[PDB]
Amino acid sequence: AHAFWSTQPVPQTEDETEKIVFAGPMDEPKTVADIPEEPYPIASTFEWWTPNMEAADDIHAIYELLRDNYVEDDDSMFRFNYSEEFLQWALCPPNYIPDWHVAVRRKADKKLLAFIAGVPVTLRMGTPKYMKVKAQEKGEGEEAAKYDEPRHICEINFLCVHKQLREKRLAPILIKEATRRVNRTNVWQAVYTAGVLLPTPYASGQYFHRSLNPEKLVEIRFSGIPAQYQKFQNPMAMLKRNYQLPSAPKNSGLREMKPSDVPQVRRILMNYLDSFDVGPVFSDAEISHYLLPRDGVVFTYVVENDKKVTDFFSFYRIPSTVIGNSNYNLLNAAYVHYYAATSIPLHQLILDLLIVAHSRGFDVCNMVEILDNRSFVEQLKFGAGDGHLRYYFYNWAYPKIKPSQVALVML
Ligand SMILES: CCCCCCCCCCCCCC(=O)SCCNC(=O)CCNC(=O)[C@H](O)C(C)(C)COP(=O)(O)OP(=O)(O)OC[C@H]1O[C@@H](n2cnc3c(N)ncnc32)[C@H](O)[C@@H]1OP(=O)(O)O
Ligand SMILES: COc1cccc(CC(=N)NC(=O)c2cc(Cl)ccc2OC2CCNCC2)c1
Ligand SMILES: [Mg+2]
């Protein structure tokens, strides 16, 4: 049933996943010297290409491939349109490895056919709490603790094959050549997400959405007017009213994050993320990169009412193309990114995320039920969607965890 994934170092079934009780590799690593420098074989009419994702024109080339060929909804009405500025931000964090950005080009016309990207991540990926207790109950704490220390691994995203080259087994070749480039740097695990089910997730969270401009969302067919609103004389006025928000934030001393806030934001974020089984560790440089505001890309605010940052939230922007609507070309979506609350309840913090996003022309706010995202869903009028983000590891056996024990936000 899986001609490629049955050949890879990942758990193959839920039955196998259930027997996993410690974190650790699926296959013990070889060494860099065991990995060839000759690139993986590719058809003589194609070639590997490493774009430079800090050079505007190479960013633009990958931007067009993804604009025209990256993820669509299931009814082909919307397609992600990640911006050029977002792509440079996502793929060039501190200490990134240019060789982990891998493309395929057709030699005759130089057409860009495919892309995949890795970036470094420092991840806590040791045995989860509930399995550490089971191990202690049996005298097996040492086996369960062996990989507790954060690991420097690869985060994969942006796999894309051009629509003309679909279903030709190009994706497995690109994944093998990315795996070779990562293993040549002595890294043997990766983490990745997908909205589709593959062998085999270690966690799965449902999508949630919070309408900010319901009239546009119903116009472009992201949403409908729900049945319950058809009982009113003006169903769309009632829907607008249900989703209406303040026009300015409610927390005193909310402001955009500044470079001087990086140490405090790091401290309160890392203390919060320790409560979860799987989560990133960020240096000052990585907090700077991933959370300082960037126009059109990442939005981050801190609560500092009395000269101390006590709370913060972030969100990132991905517009989607709307195929074929005469009123609108884009669906402008905000995605909940990292946050931490130490002085106010989380629903009070995230209400200001929704107010800032709506004020800035966002149409919807999206999130997965990771972190403590479930703790504000009903009061803030998020509703579950009909999709799930599944979390995977490459070459890492991991006991199944609930999505409220995941703290890695995917871009
Ligand atoms: C140590 C370092 C390790 C580094 C690498 C770690 C692993 C990283 C893994 C990648 C993480 C990516 C994270 C993201 O970016 S998730 C976003 C993925 N991108 C899209 O959905 C964009 C639109 N779709 C496409 O561009 C293509 O349909 C893709 C490229 C998805 C497949 O191209 P195509 O449709 O032309 O098919 P094929 O004939 O070439 O290949 C068929 C094989 O591909 C398997 N497939 C389908 N979808 C996915 C998917 N989302 N993750 C992994 N595998 C996937 C499929 O089960 C089949 O295998 P098997 O069922 O026969 O066994
Ligand atoms: C409606 O417009 C679209 C356009 C294209 C695709 C889709 C369906 C879809 N895949 N959603 C998501 O992935 C997603 C949904 C939510 Cl709640 C939260 C995060 C999501 O992902 C982010 C960005 C993509 N990397 C993984 C994390 C719908
Ligand atoms: Mg293919």
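Under the deposited numbering, read the sequence shown as residues 11 to 421, first letter to last. Idealized CB from N, CA, C, for every residue including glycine.
DSSP three-state assignment for residue 299, whether helix, strand or coil: DSSP places residue 299 within a helical segment (H, G or I) once states are collapsed to three.
Neighbour-count burial assignment, residue 47, 16 or more Cβ in a 10 Å radius: Counting C-beta atoms within 10 angstroms of its own C-beta, residue 47 has fewer than 16 neighbours from the protein chains shown and is therefore classed as exposed.
C-alpha distance - residue 379 paired with residue 216, whole-angstrom precision: Looking at the two C-alpha atoms, the distance is approximately 6 Å.
Beta-carbon proximity of residue 375 to residue 220, cut-off 8 Å: Yes. Within cutoff.
Three-state class that DSSP yields for residue 84 in the structure shown: When secondary structure is reduced to three states using DSSP, residue 84 falls in the coil class, being assigned neither helix nor strand.
Three-pair Cβ contact test at 8 Å for the region 333-340 versus the region 304-315: These segments do not touch.
First through last residue of the beta strand (DSSP E) which encompasses residue 220: In the DSSP assignment, residue 220 falls within the beta strand (DSSP E) that extends over 213-221.
Cβ pair residue 32, residue 114 closer than 8 Å: Against a cut-off of 8 Å, the Cβ pair of residue 114 and residue 32 comes out as no contact.
Where residue 64 falls, given that 16 or more other Cβ within 10 Å makes a residue buried: Exposed: under 16 other Cβ atoms inside 10 Å.
Residue 395 classed as buried or exposed, judged by whether at least 16 other C-beta atoms fall within 10 angstroms: Note on residue 395: under 16 other CB atoms within 10 angstroms of its CB, so exposed under the neighbour-count rule.
Residue 365: first and last residue of the uninterrupted alpha helix (DSSP H) it sits in: From DSSP, the alpha helix (DSSP H) with residue 365 extends over 356-369.
Distance between residue 275 and residue 148 (C-alpha atoms, nearest Å): Between residue 148 and residue 275, the C-alpha separation is close to 39 Å.
Any heavy atom of ligand 3 nearer than 7 Å to the CB - residues listed: That query returns the following residues: 171, 175, 176, 177, 178, 179, 180, 181.
Three or more C-beta pairs below 8 Å linking the region 222-237 and the region 346-354: No: the two stretches stay apart, fewer than three of their Cβ pairs being nearer than 8 Å.
Cβ-heavy atom distance, residue 128 to ligand 4, below 7 Å: As for ligand 4, it is missing from this structure, which binds only ligand 1, ligand 2 and ligand 3.
Limits of the beta strand (DSSP E) - the one that residue 59 falls within: 56-59 is the extent of the beta strand (DSSP E) around residue 59.
Ordered list of alpha helix (DSSP H) runs contained in the region 237-283, each at least 4 residues: DSSP runs (the alpha helix (DSSP H)) wholly in the region 237-283: 245-253, 272-283.
Limits of the unbroken beta strand (DSSP E) element including residue 96: Following the DSSP letters along the chain, one finds residue 96 in no beta strand (DSSP E) but inside the alpha helix (DSSP H) bounded by residues 94-101.
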